[PDB]
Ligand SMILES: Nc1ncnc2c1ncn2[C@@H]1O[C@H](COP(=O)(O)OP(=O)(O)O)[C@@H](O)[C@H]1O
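Okay, here we've got a single chain as structure tokens, the form solved without adenosine-5'-diphosphate (ADP), with questions on binding and movement later.
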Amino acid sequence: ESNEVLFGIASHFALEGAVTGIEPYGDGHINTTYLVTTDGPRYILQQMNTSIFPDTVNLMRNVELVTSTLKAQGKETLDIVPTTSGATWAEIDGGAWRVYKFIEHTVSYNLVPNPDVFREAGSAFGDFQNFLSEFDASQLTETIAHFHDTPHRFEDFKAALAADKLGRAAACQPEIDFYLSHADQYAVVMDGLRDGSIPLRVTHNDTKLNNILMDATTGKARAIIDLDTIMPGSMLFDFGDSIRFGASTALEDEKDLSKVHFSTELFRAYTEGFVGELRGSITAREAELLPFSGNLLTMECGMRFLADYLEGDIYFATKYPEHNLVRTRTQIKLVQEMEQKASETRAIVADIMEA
């Protein structure tokens, strides 16, 4: 939006410096995010996507509960900057806006540069699972229904495919047929949750690497950010999604497929950190499904990218027409390698589970 509008938005919030600039920031696909520069402190300003999160009140109640609980344990988290009237967010001209303090002295990654970073990521999310277990499910109402219900996502995909709104299906038969042919695999976690063989836990639900901030000196995790999808789920949702994004040797939207590989060394690093925090709570069935949770969350994200492509890119932010097709192709390549390397990942998990 225009600067005049954005500076106007900023005036609603209890900022502690004169605003010098407001610039688009980051590579989130969901909310619209800006960096607020002032004559002193920095801020993150976000317009919340109400298409995706229609219940702003409940979303912000969840974020408030999580952050306040963290604060009350002396743990660094997202710091909501209230409106000048003391609200946690503002509705301004049909849009929903919030502000967080900018988290200083941090670095973040779209791509793992070495195993130590990814091990730290694993430790961070594993520990966060322990933290979240202090809530009961009723405290955190789901902000999006069926969020990691892969069979439900597959129904959405099949509908998008059948409608073929833009006639884009013709150019992506191999990708479409990949998702269709994997239909027998999608229900494994949901079935286990439904019959009680997989514990229902409170989870983060979007554990991609760029949602953690590492300290610029120590390299230790400083804060987990993007708290919008904290709700009941399976541990496997958080594990699988982390492996999806972070065990790849390439960016999520890497055009050159020959650069895209699933790294078992990176898998090992994350799992060491993750399981290292959760050894006392992880069940036999959860441990058994750790490798496949990689496949599943990658296929889920991929079919979502492709469905969006087939629907004309209504859900995810895109930079060019084919962007979601480029995204779905990396996810497919990753799953193909995860399948091929299955015995190796199983062995890695078993080795970590005993030690």
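For every residue, the number given is its place in the sequence shown, counted from 1.
Only in words, not in the display: the form deposited with adenosine-5'-diphosphate (ADP) bound, which the text now covers.
Contact between residue 262 and adenosine-5'-diphosphate (ADP) in the bound PDB entry is not found at the 4.5 Å heavy atom cutoff.
In the bound PDB entry, none of the heavy atoms of residue 285 sits within 4.5 Å of a heavy atom of adenosine-5'-diphosphate (ADP). Interface membership of residue 154, defined by any non-hydrogen atom within 4.5 Å of adenosine-5'-diphosphate (ADP) in the bound PDB entry, is ruled out. Contact annotation: residue 88 falls outside 4.5 Å of adenosine-5'-diphosphate (ADP) in the bound PDB entry, judged by heavy atom distances. Against adenosine-5'-diphosphate (ADP) in the bound PDB entry, the set 137, 190 and 198 makes no contact: no member has a heavy atom within 4.5 Å.
Comment: 219-227 is the region of 88-96, 173-181, 120-128, 219-227 lying near adenosine-5'-diphosphate (ADP) in the bound PDB entry, near meaning a non-hydrogen atom within 4.5 Å.
None of 289, 44, 66, 310 but one reaches within 4.5 angstroms of adenosine-5'-diphosphate (ADP) in the bound PDB entry through a heavy atom, and that residue is 44. This chain lacks the partner; the member of 60, 325, 70, 30 within 4.5 angstroms of adenosine-5'-diphosphate (ADP) in the bound PDB entry by a non-hydrogen atom is 30. Residues are counted as partner-facing when one of their heavy atoms sits within 4.5 Å of adenosine-5'-diphosphate (ADP) in the bound PDB entry; in 67-89 only 78 qualifies.
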